[PDB]
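Residue numbers (the deposited numbering), protein chains in the order written: chain X, 3 to 45, 54 to 85, 91 to 102; chain W, 2 to 90; chain 1, 2 to 66; chain 0, 10 to 55. Beta carbons: idealized from backbone N, C-alpha and C, even for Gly. A short write-up of the structure that comes next.
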Amino acid sequence: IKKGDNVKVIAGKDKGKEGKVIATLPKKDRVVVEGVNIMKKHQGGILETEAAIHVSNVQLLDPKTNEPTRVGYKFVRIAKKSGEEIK
Amino acid sequence: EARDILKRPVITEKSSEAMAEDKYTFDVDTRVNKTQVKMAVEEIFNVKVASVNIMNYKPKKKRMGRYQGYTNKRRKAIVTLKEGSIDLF
Amino acid sequence: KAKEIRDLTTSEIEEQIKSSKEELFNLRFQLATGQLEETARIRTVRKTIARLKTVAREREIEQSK
Amino acid sequence: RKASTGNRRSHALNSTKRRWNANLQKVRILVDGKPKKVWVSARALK
RNA sequence: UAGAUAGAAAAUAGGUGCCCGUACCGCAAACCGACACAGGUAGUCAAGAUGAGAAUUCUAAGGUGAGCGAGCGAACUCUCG
RNA sequence: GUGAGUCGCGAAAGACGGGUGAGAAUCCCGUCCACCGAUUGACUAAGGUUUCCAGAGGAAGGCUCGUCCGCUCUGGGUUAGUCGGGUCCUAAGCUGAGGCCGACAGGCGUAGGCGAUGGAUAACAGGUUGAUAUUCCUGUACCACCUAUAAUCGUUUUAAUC
RNA sequence: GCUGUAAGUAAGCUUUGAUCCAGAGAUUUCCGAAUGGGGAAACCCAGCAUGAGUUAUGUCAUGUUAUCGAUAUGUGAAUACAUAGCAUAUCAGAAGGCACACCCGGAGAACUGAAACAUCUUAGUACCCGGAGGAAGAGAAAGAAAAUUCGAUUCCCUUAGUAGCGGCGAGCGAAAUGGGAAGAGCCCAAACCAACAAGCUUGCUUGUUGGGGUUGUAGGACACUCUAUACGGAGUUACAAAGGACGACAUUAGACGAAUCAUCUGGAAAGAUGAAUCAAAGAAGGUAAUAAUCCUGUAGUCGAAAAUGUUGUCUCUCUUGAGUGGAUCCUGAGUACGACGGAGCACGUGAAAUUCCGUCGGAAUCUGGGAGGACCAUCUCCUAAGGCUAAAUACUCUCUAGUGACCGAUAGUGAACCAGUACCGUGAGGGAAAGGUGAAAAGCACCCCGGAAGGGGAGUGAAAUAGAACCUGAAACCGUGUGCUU
Ligand SMILES: [Mg+2]
Ligand SMILES: [Mg+2]
Ligand SMILES: [Mg+2]
Ligand SMILES: [Mg+2]
Ligand SMILES: [Mg+2]
Ligand SMILES: [Mg+2]
Ligand SMILES: [Mg+2]
Ligand SMILES: [Mg+2]
């Protein structure tokens with residue numbers, strides 16, 4: 003439900019980090035974001059592409075802090096905890 | 002109509018020699034008399050006499066994913082000419 | 002392409018069907034030569050024919066009642 | 010009607026088993042109220 | 001013959017002519033026989049000398065060398081003289 | 001596992017050379033030798049269903065080895081107015097409207113109809129591919145049919161004529 | 001975001017709202033009841049009309065073409081009458097399928113028990129056939145019973161393994177009174193009238209409609225008195241007669257849906273440690289390890305353009321309802337009953353009622369007839385010989401939502417996976433084995449030997465003795481070396 007906005011990945015390899023997302027993959031439920039870099043290899055010794063994680067993620071717009079995203083009233092449109100700006 | 006009477010062309014070394022005496026080789030949709038092909042290929046290109054000869058083939062086997070299955074039926078029809086010639090290559 | 006079709010006469014419907022079929026047969030007939038690189042174009046064509054015959058049939062009904 | 014009718018048991022003088030019919034009476038006639046023919050009982054033809 | 005029906009076509013020119021099957025083995029390695037099995041498997045052709053002869057012995061046509069072999073050359077079994 | 005690296009390796013005359021290949025009694029090539037020859041030959045039916053041919057591969061299959069195969073992988077091959085058959089016929093037999101019979105099911109059977117191993121039926125020789133041949137081409141032929149054209153008919157009788 | 005499982009590549013689509021979800025509609029090749037003919041199922045061959053293309057034939061496109069019956073026609077003649085037949089047209093008729101379930105009916109067994117067996121039991125089971133339903137059957141008293149009588153049927157309990165049947169052995173087995181679930185009663189036939197009909201006896205009677213009328217404490221007819229009036233009404237389309245309008249509710253896609261931060265360990269926290277929060281929501285599952293406060297979610301609330309289903313009120317239809325008197329008539333005929341053989345009633349021919357079957361004989365008409373367990377009498381109760389009927393009940397091929405002191409890969413469906421498969425058999429038919437990498441494919445770049453396969457190294461990863469025949473990896477079995485010994 004996300005198309006390249008901000009997040010804070012909290013509960014994975016290394017946390018406290020943020021970044022912006024690529025394909026959400028609705029079926030596998032796995033998003034692509036800067037924060038994991040597999041050492042893939044083809045015939054280079056390594057490749058350093060970008061890999062995915064399950065949704066252990068959260069958004070942050072006004073508080074500059076993770077909150078439970080909360081799609082609220084119809085004006091649909093997002094309406095977060097403390098502040099209500101677009102997703 | 003022409004569409005569902007001519008399904009594919011065919012090319013090979015066989016057809017390559019065949020084009021010496023102005024022959025060609027198509028594959029048709031099945032359940033087509035020989036004659037419809039004549040009047041229809043006539044309809045579409047204006048080429049003609051040197052009537053047709055034709056065959057069938059039974060479907061072979063194949064294993065692509067270690068599961069059994071058969072190829073598809075194949076009715077091949079051999080066209081030959083007396084009146085100009087056709088190239089669509 | 003849903004109501005471009007509704008703009009027709011019930012007679013032009015036939016001609017674009019035929020010409021679309023010749024367009025198609027050109028593509029199918031090139032296809033095994035390997036001249037073609039386009040793959041997904043054919044679906045658009047065949048689906049168009051489906052649309053034209055569909056609407057022709059619907060108006061065939063509503064010209065019956 | 011034309012049916013083996015009443016198919017049940019037949020006891021002997023010491024009551025072994027045996028199946029029978031009671032094949033209901035029917036005799037055929039030119040019917041005296043319609044010019045055709047059919048099996049007909051006697052019990053009706055009183 | 002009952003009947004049809006005005007009233008043909010000699011020989012001439014020209015064209016029209018559908019579906020199925022067709023590959024391969026078919027006294028066999030591919031059929032039946034669970035096996036690449038010393039079995040059965042209708043039918044056609046079937047040459048040469050010798051011979052009454054499709055018998056027998058040796059050869060054409062043509063096909064095959066048989067899907068483990070090398071040693072020694074004892075018992076014993078089998079097959080032959 | 002034991003038995004056991006033991007019985008067996010499914011009648012049979014092969015040998016040599018030259019190549020290949022990482023590697024050859026077993027593969028290709030040739031020379032010799034031996035075998036069948038009313039046949040281990042050639043052609044088709046039933047039957048099986050792509051085993052057919054080319055190019056590669058050798059994990060297992062092949063009663064050994066295998067650089068090979070009827071095993072795998074990819075690709076490719078079967079052409080008919082006249083051939084066997086259907087649009088022609090039919091026996092045995094099967095089915096069988098109406099119909100006769102049977103507790104139901106269904107059983108019998110006329111009309112007709114299906115059903116060939118038989119009857120009738122218009123084609124031959126050569127060439128050609130790694131793989132198809134009376135099917136392709138090359139030449140020469142045939143039957144039915146339509147269309148076009150005229151030398152014979154003359155109430156539509158009878159006469160040509162169906 | 002998408003182009004299934006099923007990777008991968010390339011071509012392309014998509015806020016001008018794809019894909020996806022739900023409802024309607026359009027298509028829906030061929031075989032199959034198969035239905036134009038034929039047929040070795042999925043092939044072949046035709047016919048007629050119309051219409052494509054040809055100069056013309058060949059060739060095609062669509063439509064149509066079976067049988068049976070049951071209606072309307074004509075036509076029918078073996079014989080004149082005219083029927084048998086014959087040609088044509090109409091029907092949303094039927095045929096078939098199935099859920100091996102549940103129901104009714106036709107037919108209908110044996111092993112077995114009996115300590116053997118023939119009566120018997122198993123059993124009126126199985127299978128077979130047929131029919132219909134979503135439930136069926138039954139059914140509104142020619143009962144039950146013996147009193148302060150009740151007043152369709154069915155099912156559950158109980159009476160009762162009692163009373164009884166029985167080579168009196170095996171064994172079988174009610175019913176009633178009572179307590180409960182559900183509760184519903186109605187139309188014909190007949191005598192009477194009108195109409196039309198052949199015999200018109202010019203006598204009226206039979207033939208067909210409409211009325212008329214439906215029963216035991218007798219009733220109707222017929223005669224008489226009032227109600228109603230084309231309606232005051234009851235109507236009840238689930239019986240009772242068969243048609244149609246218009247609101248509410250549920251179902252088939254969905255949405256909202258309160259709440260947490262940090263330290264240590266870790267490869268990774270959802271754990272320990274602390275301090276905090278929501279609760280109509282601490283059900284559940286997933287999330288790199290065990291989470292009410294990360295996601296899906298739940299409590300609760302909202303929501304349907306269209307379609308369906310059930311319910312409601314006006315339309316809608318359709319309808320007179322009682323009473324007395326009983327002179328005369330009517331109350332279901334080859335029926336009921338008897339005998340003969342049989343079956344079934346818990347009941348085996350027994351004294352054997354009551355009910356059904358076949359043959360044969362053969363009653364009565366309300367001062368009548370049947371039952372009350374042989375049969376007669378008195379008493380009591382009920383009125384066949386014509387028909388319909390919801391619910392209560394039995395089952396679940398299937399769907400929705402749920403659950404388990406149920407299984408967790410030799411169990412459980414035979415079947416967790418590409419199974420009624422491979423396979424076996426001519427054929428009916430019988431029938432297998434086979435789950436798991438890791439959190440994520442990050443699925444071993446690169447060097448080396450090697451023809452390859454395989455391996456040693458280097459690297460991905462916490463771990464590759466997790467490296468695809470991939471969690472854990474026992475015992476048999478096989479080896480390598482070695483302390484002691486022979
Ligand atoms: Mg064959
Ligand atoms: Mg042999
Ligand atoms: Mg000789
Ligand atoms: Mg050599
Ligand atoms: Mg119907
Ligand atoms: Mg008796
Ligand atoms: Mg009687
Ligand atoms: Mg296990």
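For the C-beta of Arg-67 (chain W), not a single chain 1 residue is nearer than 8 Å; the gap to the nearest is close to 27 Å.
Straight through space, the alpha carbons of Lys-59 (chain W) and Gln-69 (chain W) are spaced by roughly 16 Å. Within the segment 33–63 of chain 1, contact with chain W at the beta-carbon level (separation under 9 Å) is assigned to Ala-33, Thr-34 and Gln-36. For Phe-27 (chain W), the enclosing beta strand (DSSP E) covers residues 24–28.
Using a C-beta cut-off of 8 Å, the segment 70–88 of chain W makes contact with the segment 21–31 of chain W, since at least three inter-stretch Cβ pairs fall below that distance. The shortest CA-to-CA distance from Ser-52 (chain W) to any of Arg-4 (chain W), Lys-35 (chain W), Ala-21 (chain W) and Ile-12 (chain W) is the one to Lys-35 (chain W). Ranked by Cα distance from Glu-13 (chain 1), the first of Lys-66 (chain 1), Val-56 (chain 1) and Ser-65 (chain 1) is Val-56 (chain 1). Of the residues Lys-42 (chain X), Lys-29 (chain X) and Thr-59 (chain X), the one whose Cα lies closest to the Cα of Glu-36 (chain X) is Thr-59 (chain X).
Proximity of the segment 26–34 of chain X to the segment 54–68 of chain X meets the contact definition, three or more beta-carbon pairs being nearer than 8 Å.
With respect to chain 1, the C-beta atom of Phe-90 (chain W) has a partner C-beta closer than 8 Å.
Taking all protein chains in view, the Cβ of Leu-53 (chain 1) is crowded by 16 or more other Cβ atoms within 10 Å, so the residue is classified as buried.
Using a Cβ distance threshold of 8 Å, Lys-102 (chain X) and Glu-77 (chain X) do not count as a contacting pair. Not a single unbroken stretch of the alpha helix (DSSP H) spanning 4 or more residues falls wholly within the segment 19–43 of chain X. What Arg-4 (chain W) touches in chain 1, judged by beta-carbon distance under 9 Å, is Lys-22, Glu-23, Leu-25, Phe-26 and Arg-29, going in chain order. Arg-18 (chain 0) sits away from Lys-11 (chain 0), with the two beta carbons spaced by 8 Å or more. Listed as beta-bridge partners of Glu-77 (chain X) by DSSP are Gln-69 (chain X).
Distance from the CA of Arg-4 (chain W) to the CA of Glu-23 (chain 1), rounded to the nearest whole angstrom, comes to 8 Å. In this structure, the alpha-carbon of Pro-28 (chain X) lies about 18 Å from that of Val-81 (chain X).
Annotated three-state conformation of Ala-78 (chain W) is strand, per DSSP. Less than 8 Å separates the beta-carbon of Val-48 (chain W) from that of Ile-87 (chain W). Taking 8 Å as the upper bound on Cβ-Cβ separation, chain 1 lies near residues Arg-9, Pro-10, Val-11 and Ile-12 of the segment 9–28 of chain W. By the 16-neighbour rule on beta-carbons within 10 angstroms, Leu-7 (chain W) is buried.
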